[PDB]
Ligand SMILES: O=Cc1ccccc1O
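Just one chain is shown here, as structure tokens, and it is the form solved without this ligand.
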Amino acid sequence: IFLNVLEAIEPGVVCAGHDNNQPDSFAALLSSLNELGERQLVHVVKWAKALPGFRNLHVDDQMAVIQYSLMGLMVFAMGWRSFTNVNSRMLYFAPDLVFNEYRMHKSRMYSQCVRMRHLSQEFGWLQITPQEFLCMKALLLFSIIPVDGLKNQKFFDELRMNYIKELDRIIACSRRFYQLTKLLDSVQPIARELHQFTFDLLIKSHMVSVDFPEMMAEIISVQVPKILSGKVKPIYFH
């Protein structure tokens, strides 16, 4: 049942709407990445609310959790797409927004892209199955919270424990659990760098001609600073 549900609600392909015949400039690439974030968020919200037990969370906690984990969720899914499509050769953000070495450099996110390709490669090196991927991604949604707790922290804690149990069931083993939890932890440092980069970019967006959609601009200025200031922190296993 659990896996049936995860497979049924998994989001489909999402395009960035990037004009590929235009020069690879910083402004053009990040305006497209920003738009893609706006588009993937829409799918992530519907995905999360359809997750087993998610609705048990307080309404305000639901939105908060989705916004705090959006970056990591997108990174993880992206690494899996790149692995399954181009075999981690390039970064497959969207069918119409694939990053090669030139784009990695022009986006001024080269170092982060390298780490993301490393993650993508892990899917191959660890021979991660579609089921493991699905369970792990669901767990990622429940991996970052306010140090002072959510409105209803007990429900969240209960749910997170349940999802950890499901990952354990899919594996069933100790070596595998060690490897998968290590992989999940590796997403956070990456998300953090993207969060920092995104924040700085928003602040100076008017000077570098980069456009940010409404919802992304709100999340970057309201939720992301909470993470960068230490009020909201990821839940590491190790």
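Residue numbers here begin at 1 and follow the sequence given.
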Sequence continuity check, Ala172 and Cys173 (deposited residues unmodelled): 4 to 9
Average Cα temperature factor in the PDB entry - higher stretch of 71 to 79, 145 to 153: 145 to 153
Mean C-alpha temperature factor, higher of 80 to 88 and 131 to 139: 80 to 88
From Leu41, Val59, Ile190, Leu30, residue of greatest CA B-factor: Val59
Within-chain third of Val224 by Cα B-factor, per the entry: lowest
Third of the chain's Cα B-factor distribution that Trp47 belongs to, per the entry: lowest
Lowest, middle or highest third - CA B-factor, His195: lowest
Cα B factor band for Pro213 (lowest, middle or highest third within the chain): highest
Third assignment of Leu180 from its chain's C-alpha B-factors: middle
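One more form of this protein exists, namely the form deposited with this ligand bound; it is left out here, but the text below deals with it.
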Heavy atom of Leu184 within 4.5 Å of this ligand in the deposited complex: no
Partner proximity in the deposited complex: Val98 to this ligand, non-hydrogen atom cutoff 4.5 Å: no
Distance check, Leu150 to this ligand in the deposited complex, heavy atom within 4.5 Å: yes
This ligand in the deposited complex: contacted by all of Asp61, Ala64 and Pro146, heavy atom 4.5 Å: yes
Residues within 4.5 Å of this ligand in the deposited complex, restricted to 197 to 211 and counted by heavy atom: none
